[PDB]
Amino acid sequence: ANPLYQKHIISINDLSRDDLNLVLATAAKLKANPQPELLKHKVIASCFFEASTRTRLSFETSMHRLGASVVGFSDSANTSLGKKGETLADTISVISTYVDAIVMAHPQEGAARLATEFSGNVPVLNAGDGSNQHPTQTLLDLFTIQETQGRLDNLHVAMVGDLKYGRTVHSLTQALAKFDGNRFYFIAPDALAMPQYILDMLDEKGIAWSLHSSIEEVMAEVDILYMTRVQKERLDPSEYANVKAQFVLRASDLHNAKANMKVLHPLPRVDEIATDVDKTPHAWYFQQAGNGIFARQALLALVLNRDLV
């Protein structure tokens, strides 16, 4: 009855549409009736090998909102882990003898799937592995889309900025591609284009996507405008001309936006969303960030508790 019990959460690709809807339904229930003791007597490792203050504080808050305890580190440079040449595999194996679940973010794509080979029984939750996947960002993104659009089907969704290195949009496009009738607009520098493996997937599913050279040319029809930061720390040095944001959203761009349209951003932002956007009714990134608590609580509850909420 709880298909996420004790499941590793590494990639959206591994989750089903029903899985996504179950997390979202559980998040709305907990948002409505908190369960502050549900994970009492659990200890969870917050292992941010790659620092990400917003995501870690979101995850750790969600742990505490369910009554779990927390141990961990905020950056692998603040640790002695690996300093003698030992493997990440061994680090995970040892930590897995301590805790009831491992939340990990790591600079290398695939590191979270590697961890699942060595964690024995303990679930690994991928809080972001380099430029690859970010499945819990997608879960809070979907909860937010569901909340503001009333549905996850038949949406016009624009994704802007660094689509190549953006783990956020890899996971979110895969998830939305599990629903029906969605239409994608990709607005990105040529060098930071959405990768081919995402495009082939949409093709094989018969899902329409197209490339666009401006936000304005798609503004009138988008329901969700998903903005991203250039992943400066992941760019190849030959991609240095792409560090500066090529597409900037300003309040004036919203003059012909649909009444229901919301602008999302996984955050942090550089200048791709000007601060005059913050005051409009379309700005929804901080609401989105707040919904991460409910999405991440839901996931933690479903993974760590045998039965449903």
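Position 1 is the first residue in the sequence shown; the rest follow in order.
For the pair 233 to 241 and 68 to 76, the record assigns the higher mean C-alpha temperature factor to 233 to 241. For the pair 271 to 279 and 30 to 38, the mean B factor over Cα atoms is greater in 30 to 38. Ranking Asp129, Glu216, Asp153, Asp141 by Cα temperature factor from the entry places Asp153 first. Comparing the listed residues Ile92, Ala188, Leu176, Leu81, the entry records the largest Cα B-factor for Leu81. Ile44: CA B factor in the lowest third of modelled residues in this chain (values from the PDB entry). In the deposited entry, the Cα temperature factor of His8 places it in the lowest third of its chain's modelled residues.
Residue-level temperature factors show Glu117 in the middle third of its chain, judged at the C-alpha atom. When all modelled residues of the chain are sorted by CA temperature factor, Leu20 is found within the middle third. Compared with the other modelled residues of the chain, the Cα B-factor recorded for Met201 ranks in the highest third.
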